[PDB]
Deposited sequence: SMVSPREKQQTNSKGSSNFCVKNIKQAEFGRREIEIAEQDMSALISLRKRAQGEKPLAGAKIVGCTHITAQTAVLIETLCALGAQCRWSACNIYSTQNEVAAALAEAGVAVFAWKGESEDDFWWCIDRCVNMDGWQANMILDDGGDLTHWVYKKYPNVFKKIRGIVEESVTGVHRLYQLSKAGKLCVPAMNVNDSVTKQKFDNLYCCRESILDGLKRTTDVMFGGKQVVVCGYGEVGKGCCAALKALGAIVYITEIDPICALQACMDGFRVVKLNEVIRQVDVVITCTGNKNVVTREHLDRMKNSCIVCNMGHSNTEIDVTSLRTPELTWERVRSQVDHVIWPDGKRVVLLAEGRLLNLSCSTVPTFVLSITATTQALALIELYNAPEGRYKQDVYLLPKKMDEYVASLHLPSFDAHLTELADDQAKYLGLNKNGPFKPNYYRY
């Protein structure tokens, strides 16, 4: 007699778990953590309020969190990402899931509500919308929270905003910038997928072409290397002298966007800033110049300055518009300045383990370890995330000998690197 949930369940729980069964086969790292951490119950009594994508992979995390003794009350962090069939499966398992595909902005806040009120220990968030809603609607529930586990870039920025500015009164965990997760998201975004959206939408070869990549951070470094590999001539713009010196040494020219704006075939933004590519820059670009945002939002390129009456827009294909100037000049604008963009199950597994361990760490943390500030996942916990993914490669880790562990000032299991280690 299941009541505590809100999904559009049509006996979908039988099919829903069958798609989770496939996901469980693909994320054997969490099932190992489930098996290894079982019995001990490190989340015994934990009342977790979650807000993330309701997918078959996520179910493996929620069903793992609940298997380690936690009370799961959940919501969807997006109004279209909910895999209703898996959501309906979670409802039958006992998980208080309030989520469906095609929910409105009112249904969205309604689900976050039914998730909070009906003594919530912890909050697992992806976005920070649930965290901010508990910050302006239930502040006495908020001050009693043991820890906020955040995986989103903006959500974590919102937490760093509260901190130091005198507002954060609860210890937080930045899992986005945590070592094992950051490094793995870097490999997927900046190494593997970096030019997939750009190659998919353009049908030109980058060999022998001139490109300008704005920003030489994670995305910029990844982008330039991939473009360099293809035989493209790449130029870089930077505000950070460390990143600029890094570009110089990597055989790239560090320029001001205007020095190359008139000759480059392709313009790429990956800064996280606004008005990097302005009206003046789009006016100086040579005809057919590809304009691409590989950073955030749609403010990196001032696309709003191209809606004026003299310019005309012609839709070439999906996610490709031609913005034509009265002199006949056209720029190939990809996805209206938005990031072109399903995350691989192995990437989610890395994130899910980091999130799971971040909850176990903050929940069982002593009163004096974590102050009212944002923190990264402990080094030994970061090592545990990596270790749980090693059997997927049949990787044989070496154990330190008693004299070896005595030589280097460290424990046979303990943190192997200093705090400032960059990997």
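Colleague: Could you sort out which parts of the deposited sequence are absent from the coordinates (no C-alpha) and give them as ranges from 1?
Modeller: Comparing the full sequence with the modelled residues, the uncovered ranges come out as 1 to 14, 133 to 135, 359 to 362.
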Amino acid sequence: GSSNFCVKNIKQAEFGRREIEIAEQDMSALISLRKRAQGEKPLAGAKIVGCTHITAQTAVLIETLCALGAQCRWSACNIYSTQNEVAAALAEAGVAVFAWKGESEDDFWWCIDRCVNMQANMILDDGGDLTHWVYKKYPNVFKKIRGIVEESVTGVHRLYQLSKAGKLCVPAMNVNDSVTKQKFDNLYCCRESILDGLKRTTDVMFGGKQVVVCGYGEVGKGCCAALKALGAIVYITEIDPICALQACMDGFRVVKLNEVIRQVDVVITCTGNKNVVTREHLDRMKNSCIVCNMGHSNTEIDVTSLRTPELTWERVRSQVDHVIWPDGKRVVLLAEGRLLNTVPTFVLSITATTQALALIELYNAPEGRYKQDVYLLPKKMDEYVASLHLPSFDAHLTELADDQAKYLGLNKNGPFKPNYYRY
From here on, numbers count along this sequence of modelled residues.
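Colleague: Would you mind comparing 5 to 13 and 18 to 26 for me and telling me which has the higher average C-alpha temperature factor in the entry?
Modeller: Stretch with the greater average CA B-factor: 5 to 13.
Colleague: In the PDB record, does 100 to 108 or 181 to 189 carry the higher mean Cα temperature factor?
Modeller: The deposited B-factors put 100 to 108 ahead on the C-alpha mean.
Colleague: From 344, 207, 147, 220, pick the one with the largest CA B-factor in the entry?
Modeller: Top of the list by C-alpha B-factor: 147.
Colleague: Reading the B-factor column of the entry, which of 236, 169, 348, 285 has the highest value at its C-alpha atom?
Modeller: Among 236, 169, 348, 285, the highest C-alpha B-factor in the entry belongs to 169.
Colleague: Looking at the entry's B-factor column for C-alpha atoms only, identify whether residue 69 ranks in the lowest, middle or highest third of its chain.
Modeller: Top third by C-alpha B-factor.
Colleague: Comparing against every modelled residue in the chain, figure out the third that the C-alpha B-factor of residue 393 lands in (lowest, middle or highest).
Modeller: CA B-factor rank for residue 393: lowest third.
Colleague: Sorting the chain's modelled residues by C-alpha B-factor, tell me whether residue 136 ends up in the lowest, middle or highest third.
Modeller: Highest third.
Colleague: Which third of the chain does residue 154 land in by C-alpha B-factor: lowest, middle or highest?
Modeller: Middle third - that is where residue 154 ends up once the chain's C-alpha B-factors are sorted.
Colleague: If you rank every modelled residue in this chain by C-alpha B factor, which third holds residue 365: lowest, middle or highest?
Modeller: Its C-alpha B-factor, which the entry lists for residue 365, ranks in the highest third among residues of this chain.
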